[PDB]
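Engineer: fold the following and give me the result.
(chains A, B, C, D, E, F and G, ligands or ions: 3)
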Amino acid sequence: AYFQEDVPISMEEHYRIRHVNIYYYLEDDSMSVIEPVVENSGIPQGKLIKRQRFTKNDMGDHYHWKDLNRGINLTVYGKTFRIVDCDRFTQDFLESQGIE
Amino acid sequence: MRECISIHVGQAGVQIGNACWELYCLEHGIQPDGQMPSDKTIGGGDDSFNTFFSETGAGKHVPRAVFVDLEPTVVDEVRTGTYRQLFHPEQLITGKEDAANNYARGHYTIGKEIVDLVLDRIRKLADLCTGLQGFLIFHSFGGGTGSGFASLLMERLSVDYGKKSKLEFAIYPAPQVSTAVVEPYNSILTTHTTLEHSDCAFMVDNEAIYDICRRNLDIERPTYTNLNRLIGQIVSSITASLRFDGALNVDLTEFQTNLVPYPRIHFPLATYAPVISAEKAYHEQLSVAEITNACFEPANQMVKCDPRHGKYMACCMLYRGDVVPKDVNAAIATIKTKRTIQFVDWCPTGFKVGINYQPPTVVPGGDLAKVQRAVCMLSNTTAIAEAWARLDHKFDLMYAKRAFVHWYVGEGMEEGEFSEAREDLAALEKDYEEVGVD
Amino acid sequence: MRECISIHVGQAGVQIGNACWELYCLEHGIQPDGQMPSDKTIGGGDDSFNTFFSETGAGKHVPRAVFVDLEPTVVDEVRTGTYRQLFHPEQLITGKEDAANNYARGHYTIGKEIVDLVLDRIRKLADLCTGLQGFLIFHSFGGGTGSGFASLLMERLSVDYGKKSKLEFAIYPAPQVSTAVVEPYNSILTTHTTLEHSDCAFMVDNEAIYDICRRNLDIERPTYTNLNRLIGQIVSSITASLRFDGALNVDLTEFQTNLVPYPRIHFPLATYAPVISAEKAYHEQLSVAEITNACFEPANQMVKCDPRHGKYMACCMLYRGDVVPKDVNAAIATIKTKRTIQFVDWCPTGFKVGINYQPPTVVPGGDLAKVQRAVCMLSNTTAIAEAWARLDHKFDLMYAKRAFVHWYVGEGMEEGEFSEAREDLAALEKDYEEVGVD
Amino acid sequence: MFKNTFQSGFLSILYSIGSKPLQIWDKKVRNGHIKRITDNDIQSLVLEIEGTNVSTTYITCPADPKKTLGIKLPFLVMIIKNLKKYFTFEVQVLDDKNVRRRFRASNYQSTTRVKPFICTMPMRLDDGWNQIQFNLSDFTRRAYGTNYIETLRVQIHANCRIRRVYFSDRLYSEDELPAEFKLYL
Amino acid sequence: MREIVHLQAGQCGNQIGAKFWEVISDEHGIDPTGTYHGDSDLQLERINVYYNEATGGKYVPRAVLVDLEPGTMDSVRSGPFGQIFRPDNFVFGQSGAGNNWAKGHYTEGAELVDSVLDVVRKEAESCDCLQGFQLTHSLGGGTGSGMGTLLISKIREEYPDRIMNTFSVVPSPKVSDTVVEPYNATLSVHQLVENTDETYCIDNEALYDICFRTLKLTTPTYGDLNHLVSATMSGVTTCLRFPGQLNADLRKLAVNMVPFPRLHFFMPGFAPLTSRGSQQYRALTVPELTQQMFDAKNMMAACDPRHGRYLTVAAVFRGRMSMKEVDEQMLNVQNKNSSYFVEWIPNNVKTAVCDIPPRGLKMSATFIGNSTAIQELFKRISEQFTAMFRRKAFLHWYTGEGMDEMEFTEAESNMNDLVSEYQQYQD
Amino acid sequence: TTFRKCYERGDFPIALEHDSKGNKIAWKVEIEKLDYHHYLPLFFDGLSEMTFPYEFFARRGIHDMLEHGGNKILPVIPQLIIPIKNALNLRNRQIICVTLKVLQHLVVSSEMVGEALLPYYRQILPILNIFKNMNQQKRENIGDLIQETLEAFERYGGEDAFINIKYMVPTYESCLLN
Amino acid sequence: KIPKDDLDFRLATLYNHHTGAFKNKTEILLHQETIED
Ligand SMILES: Nc1nc2c(ncn2[C@@H]2O[C@H](COP(=O)(O)OP(=O)(O)OP(=O)(O)O)[C@@H](O)[C@H]2O)c(=O)[nH]1
Ligand SMILES: Nc1nc2c(ncn2[C@@H]2O[C@H](COP(=O)(O)OP(=O)(O)OP(=O)(O)O)[C@@H](O)[C@H]2O)c(=O)[nH]1
Ligand SMILES: Nc1nc2c(ncn2[C@@H]2O[C@H](COP(=O)(O)OP(=O)(O)OP(=O)(O)O)[C@@H](O)[C@H]2O)c(=O)[nH]1
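Structural biologist: Numbers count the residues shown, from 1 in each chain, chains lettered A, B, ... in the order given. Ligands and ions are numbered 1, 2, ... in the order given. And now the structure:
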């Protein structure tokens, strides 16, 4: 996945786009977002949102793996994210589960 | 940051060592090739392995340990094993000559020309490390090569680096089983040399480890594949705080401070409560209550000692898995209400808790159960002095009839150094009851 | 809450408890594997099973019983049966040596080294239980292993836990049929040991059990499968109050307080009225009135005692199914007006009614009828001393000619304790006639 | 112990002139001997204590470990003949803070190690009936920086030939020492 | 790496070494031609402990054959593996021994020691770092005792830092055939006890009984006795060549075996010996292995330790076992006869586990022991010396050679001291 | 009390002169040459020691050393607080009556006394703050001794010692500028 | 009297963990006059 942000002051640009990575724990439906760590970056990298269940709507529902297709936009406590693609076992399992 | 270096002297200490990285590579999913799948965890070497392995931009997890051995037998076939590509060739420090169980032979004859090479390894490992809290020394008191070679190096690493921790782990000599009558000689030589330099030493005994196997694991014929797994899960549990986190995180420095009361005696006892077969845990339930009873059940200890013949000073419990403080603090409170459990009156509180949410996992081709709640129990009691009491009446018989001394004095020792240990030991026992005397 | 622990001692007692537990899995729909379908009933173990099974987070119903036996044959075959995966391996307490029908051999020679282990079971079940009203002991007087081994343990369970109930169920010895001539020996040994510790002991006799089969069930060739089925129904009926509810709910404590008049004698008789063949149930009708007469019909008792030579003290009717107070209270009122029914004048009322709405279900592959209105008839009378009077004139003969004594004095016993049993029985019978004397 | 007795002057606890002096000297005989031979240069009975191992056989005060010593004096002089063997001894005392401590002196010792409970000291000396001098107050302040209070128990090991054991408060000269204390060759 | 060079001396040792070497080749699977048929990777790696390399994959044995009679060496040269032994290694003399110790110790040895030392130093420089050497010979054998006593002495000062194994067979107690044989024995053993550390004690009469006990086939060949004993010496050498968690160094072993220097004489012990039907009538279990391992009948060396007590015992196990069964078996035997050990040392057991079974069977073991049963050995020789030194029988020859009674005096005196030494240590 | 047995054991050379209904004490060894560091705080534990005749030794020596050991208490002050503080915790009027009389001579014994006591004010003032008025024939009134201590202490205390007492003692008045 | 397993094992075992070696459950838990002695 990826996310954007806007520069309010600095010399160079108006906006900053940043790539992230989405991790869905299948065992307990906990989730974690880890940005890749890059050098000379001028931003702190590492763990953005620790392992937990992401509240989907306001009742307290959680983003369950049934409702995750490609190219889906989702909000995680403010920032809205966008799904890019998947990795080998993911589509295999998800098409085994059946998500077109 | 939070890292350490592990040391393995003696061919006894290497196959047991091999197991834990065989264990350690699984929970990180490390493939035998040396790299992850297409998933991204590589970089400058900073992830769950950074505390254990060194997976630089080259992408190969380099474990932070050195395997030293004096015989090329056990080191070569493992150099032809499965993960040997992961292993750095010359941190598998091989040797061409043995110590013949002789403490001093591995301490004087050949150790001189080899440790300097080992010193090169540790400094070239020291420079790359950042925090390096301490070291994980794996050895054996009854070491044909583990005993003597370790003694000189632990001296040399003490003198150059006396500012960091040194963690010692060795198989305690079997009290009534003796595969070598030379063992009491070299072992007491280690103890008297190590008592004033070792930071925290820990002992285990295989007999009760075997006794556990056919008690609850119900295996009448295990192997070290099982044994190295059982000790490997013990060191994995204590290192989970470095790997993962939980309600609170605990570190070896707090372990040292809160476990050892006074200098010299720094020799606690470990125990793992959820030791059970797969099918037993299958249709039974694990909870803090019974495992607390099991961890404090006297026969569950792998060290041959009756706690009622001694008295408790410290008890460290490290709960790995999904637990809550409510039952735990209630459960330990009930333990404090127990009357047979006789802590020394000097310490009102003697409980050191470390909570980690991560469940302990199974091993491929394994024998263990499916643990959701585990605890590693680290305790020290005065019921241990009988072991040294066993050794001295063992040792004193031989020394009067000075058996095998011609072997030692044949290659360059005298009587005094052997004299030293006995009152050093006699000091140890005499210190043990006076602290026991309230 | 409302739970109890079943005890099954003796390879006589093993199939029946198995049959009872087999019955119990049906009415709850328990699959032989140990789990329900995708329907949600699992948890920490709190539902209709929480009183009988232990279906923890693992999801496997663990029955709250321990099967103890001295010969491995029958206990291993059930360990190879259909529900063995449900059963706990060392709850199936096995033995390797028999008592050879000797009460003392199973009470002295081997019971010592086994009672500690089975105690480890009962104590380890104690923690998981919460209310644990009492126990369900299944045994036999002429126990080749049931008699002696139970006697030691009931003594041990009496002394440690004297604050709760203990329910005893044993096949009463066949009056005129003797499968063992030593059976009178161990039987009387059980009685005098149990008179001062047992809470409520209930007896049953196999001969009349067969007599029912070819009278109304129309079976001239039944088997234990049938025999164990009906007694399994008996205990199922009395335990339905724990399982389900009704117009009123009653408990063994109320049973104890109201059934036993005075200390010592606590030996009433059970009876189940709607025992009938399917065809006789088919083109006839069942209702409270006739089953009340049938349950009070003297030949419907499975004990060879005719009430008209005794007198009634206590009578309990436990109606499981669709009943209303109106016909029940009116019908019993007619029974009180009956003249042949000779209650003792000491008790104006001796009626304890238990109403349960749940219909008694049939078992697949069974032989019973489909009962809408059931009743288990618990009653005590003075026509029971006939059985003991049968035993003594039997016993007084052999003891004078002291047959087989060389066996018992051979393995370490004497005659004084055999001497005690005779006046104890003489005491019991004279109490029976004295309370018979108004 | 016998603190009710007066610490003034000398405190001769062991002395071989007595027929049976072993009352408070508990002996742990182990592959050695207990023998009373006469001498040549002092031509008197002495305490022959020898054994195959030093730690195996050793004489101690008090006879009963449960009871203390109770001695004020900070000096001590031991009469011993150099037997050309492995002789050692130890003393366990009490300091100001009431933490107990031992002073283990051994002839073979190559170094001097201080443990918060036990101090290991070397003994090198000459041949013949050589003598002993130690200021207990000195070692406490030098080693632990503490203040000496009381003797609690003293243990004497094997490979030795003893004539008399006595304490002192100062460095008493040979003058006030009586004739039996004025040892003559 | 650490290697061993073998010495083959004496006319029996000529038959000894031939069987010992062929077993190794068959164990390692080399053809008689010398072209190894690659079948086991482990035996391929740990064969350089004994063999060096020749061109064409031929494994040259690092052994030396020495004798005086051409016929015997020609016979072994014509054996199934004579082609694998080197004519370079065939050193000999132009004389018949006369089966005389002094001639083989002073007269004929003088002009042959120069060559053999020039020989052995060549292979010594050929190899890298020896553990030591082993010598197959006999104590009652004339040429072997004469040569070996000379050689062991000279190689003492040459390399006093190596594993100096000696292998000798005790002549038949009932009949020695050679009648000057005890004279040869005392002369040999005098230097032997001075110049050996390891010495194996083997007797033929026990072997004949062992045939009567387990072989049960009436008429063996002496090669079958060679077959039996060569299997025994192979077992102790299996430790070095084979992997598995067992410490192989004889120095690892000898220091565990030698509490005091004058203990040099050691007895073998072997594992399952099977009769004609019992190959398929035996349940191969460690208990019955250990039972048969510790059988006074399974003893083959000299005589029954039942007369005395047990000083040191060391069993090496070869096959697929575990430490636990030997552990409980050790407790069983420890609890079996605790008093029959010496109170001098408890826990006198030293065990090694070779995970690689032999070729032909799975469960196996070799036992090396030290009990107080050698007193019979040198007391039975004692009265022979006194009886024949009573009247100097067969003595004019040795005086003609240049010997006299004086050496015999300390020769028996040395032996008599050993009598008390074994006696005092136990009794 | 460790000190009580110390001269039950007997190492301190002190005698006394003899009497029927009063008090007077004598000596054996001159104090000025004996010790003011190793024996000083030990004997102040005697003030914490209240048992006849061992109590008779207590006050005598403490006052007597003051007139004969003036300018030697300076480097010993921190150790001397402990016997005082323990006596404070003792909670008995007769003991406290003794202490203040002792402290009265202590404060005016020599120079620098209160000036050296500046770090050690908040260990004695608190419990005296709470004694202020808890209560001529024999100088019995505790409250009078309390103000006597405070007055001489503040005038000799210096510049802020007074307001330090005022901080501790909220009733406290001045004896210098009011 | 006795509440639970840990005390049950501990109060009556007659098993010296230092002395007892390669023992079995029955041999491990061994009570006293509780049974008969
Ligand atoms: N740590 C460990 N010990 C073992 C293992 N198997 C057996 N042991 C025991 O560990 C001891 C090994 O110690 P040593 O023989 O002194 O080992 P060493 O110092 O490296 O020298 P060696 O004699 O060559 O083995 C033996 O006495 C065995 O009782 C094992 O797999 N790991
Ligand atoms: N409870 C019960 N009793 C049975 C059953 N089948 C037969 N019996 C009767 O119960 C008696 C069994 O008693 P015992 O032989 O002493 O049983 P035990 O004490 O467990 O020991 P065993 O001799 O091995 O059977 C027999 O004499 C039968 O008459 C049965 O299935 N259940
Ligand atoms: N080869 C062989 N030797 C045997 C046999 N039986 C007994 N021996 C003895 O083994 C001894 C050792 O042989 P060598 O050391 O080579 O003997 P030697 O030096 O030539 O002098 P001799 O003993 O006279 O033969 C001989 O003395 C034989 O008596 C046998 O069956 N085969």
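
Engineer: touching, residue E:149 and residue E:194? I think so.
Structural biologist: No. Counting by CB atoms under 8 Å, residue E:149 sits too far from residue E:194 to count as a contact (9.5 Å). The C-beta positions use only the backbone N, C-alpha and C, and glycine is treated the same way.

Engineer: between these two, which is the more surrounded one?
Structural biologist: residue E:149 (26 against 13; other CB atoms under 10 Å in any protein chain shown).

Engineer: the more buried one belongs to a helix?
Structural biologist: Yes. Secondary structure of residue E:149 (DSSP: H, G, I helix; E, B strand; the rest coil): part of a helix.

Engineer: residues in contact with it?
Structural biologist: E:105, E:187, E:188, E:191, E:192, E:195 (CB atoms under 8 Å, 6 or more residues apart in numbering or on different chains).

Engineer: distance-wise, check it relative to residue E:411.
Structural biologist: 12 Å (CB to CB, to the nearest Å).

Engineer: between the two, what contacts are shared?
Structural biologist: Contacts common to residue E:149 and residue E:411, judged by CB under 8 Å, 6+ apart, are residue E:187.

Engineer: give me the number of residues near the residue of the stretch 201-350 of chain E at minimum distance from ligand 2?
Structural biologist: At 30.9 Å from ligand 2, residue E:283 is the closest residue in the stretch 201-350 of chain E, using CB to the nearest ligand atom. By the criterion of other CB under 10 Å, residue E:283 has 6 neighbours.

Engineer: cool, residue D:79 as well?
Structural biologist: 23.

Engineer: ok, it touching residue D:131?
Structural biologist: Yes. Between residue D:79 and residue D:131 there is a contact under CB under 8 Å: 6.8 Å.

Engineer: between the contacts of residue E:149, which has the most around it?
Structural biologist: Most surrounded of the contacts of residue E:149: other CB under 10 Å gives residue E:188, at 26 neighbours.

Engineer: and that residue, which of the three is it?
Structural biologist: helix.

Engineer: quick one: contacts for it?
Structural biologist: Residue E:188 neighbours (CB under 8 Å, 6+ apart): E:101, E:139, E:145, E:148, E:149.

Engineer: from those, which is closest to chain C?
Structural biologist: residue E:139 (56.1 Å; CB to the nearest CB).

Engineer: what's the neighbour count on that closest one?
Structural biologist: Neighbours of residue E:139 (other CB under 10 Å): 26.

Engineer: ditto for the one 4 residues further on
Structural biologist: By the measure other CB under 10 Å, the count of residues near residue E:143 is 31.

Engineer: how near is the residue in chain A positioned nearest to chain C to chain B?
Structural biologist: Residue nearest to chain C within chain A: residue A:28 (14.2 Å; CB to the nearest CB). For residue A:28, the distance to chain B (CB to the nearest CB, to the nearest Å) stands at 10 Å.

Engineer: phi, psi of that residue?
Structural biologist: Main-chain dihedrals, residue A:28, degrees, to the nearest 10: phi -130, psi 10.

Engineer: OK, contacts around it?
Structural biologist: Here residue A:28 is in contact with residue A:53 (CB under 8 Å, 6+ apart).

Engineer: surely residue A:11 is in a helix?
Structural biologist: No. Residue A:11: not assigned to a helix; according to three-state DSSP it is coil.

Engineer: related to what we said a few turns ago, adding distance to residue F:61, write the contacts of residue E:149 out as a markdown table.
Structural biologist: Conversion of the contacts of residue E:149 to a markdown table gives the following (distance: CB to CB, whole Å):
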| residue | distance to residue F:61 |
| --- | --- |
| E:105 | 98 |
| E:187 | 95 |
| E:188 | 93 |
| E:191 | 89 |
| E:192 | 88 |
| E:195 | 86 |
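
Engineer: element containing the residue most central in space within chain B?
Structural biologist: The residue lying closest to the centre of chain B (CA atoms, centre = their mean) is residue B:169, at 2.9 Å. Taking DSSP states H and E as the criterion, residue B:169 maps to strand B:165-171.

Engineer: how far off centre is the next helix or strand after that strand?
Structural biologist: Using DSSP H and E, the helix or strand that follows strand B:165-171 towards the C-terminus is helix B:183-194. Helix B:183-194 has its C-alpha centroid displaced from the chain centroid by 17 Å (CA atoms, centre = their mean, to the nearest Å).

Engineer: next structured bit after helix B:183-194?
Structural biologist: Counting by DSSP H and E, what follows helix B:183-194 is strand B:200-204.

Engineer: so how far is residue B:340 from the residue nearest to the spatial centre of chain G?
Structural biologist: Centroid check for chain G by CA atoms, centre = their mean gives residue G:13 as the closest residue, at 1.6 Å. Distance check for residue G:13 against residue B:340: by CB to CB, it reads 11 Å.

Engineer: quick check: most distant residue from the centroid of chain F.
Structural biologist: Max distance from the centre of chain F (CA atoms, centre = their mean): residue F:178, 28.2 Å.

Engineer: show me the helices in chain G, by range?
Structural biologist: Assigned by DSSP state H, chain G shows helices spanning G:5-11, G:25-28.

Engineer: which of those helices sits most buried?
Structural biologist: Ranked by mean neighbour count under mean count of other CB atoms under 10 Å in any protein chain shown, those are led by helix G:5-11, which reaches a mean of 19.

Engineer: find the nearest non-adjacent residue to the residue in the stretch 201-350 of chain B positioned nearest to ligand 2, please.
Structural biologist: Proximity to ligand 2, evaluated over the stretch 201-350 of chain B using CB to the nearest ligand atom, is greatest for residue B:283 at 26.2 Å. In this structure, residue B:283 finds its nearest non-sequential neighbour in residue C:60, 4.5 Å apart by CB to CB, 6 or more residues apart in numbering or on different chains.

Engineer: could you report the neighbour count for the one you found?
Structural biologist: 20.

Engineer: please determine how far the residue in chain D that ligand 3 sits nearest to is located from residue B:396.
Structural biologist: In chain D, the residue that lies nearest ligand 3 is residue D:52 (44.8 Å; CB to the nearest ligand atom). Distance, residue D:52 to residue B:396, using CB to CB: 10 Å.

Engineer: of these two, who's got more company?
Structural biologist: The neighbour comparison of residue D:52 against residue B:396 (other CB under 10 Å) goes to residue B:396, with 18 against 15.
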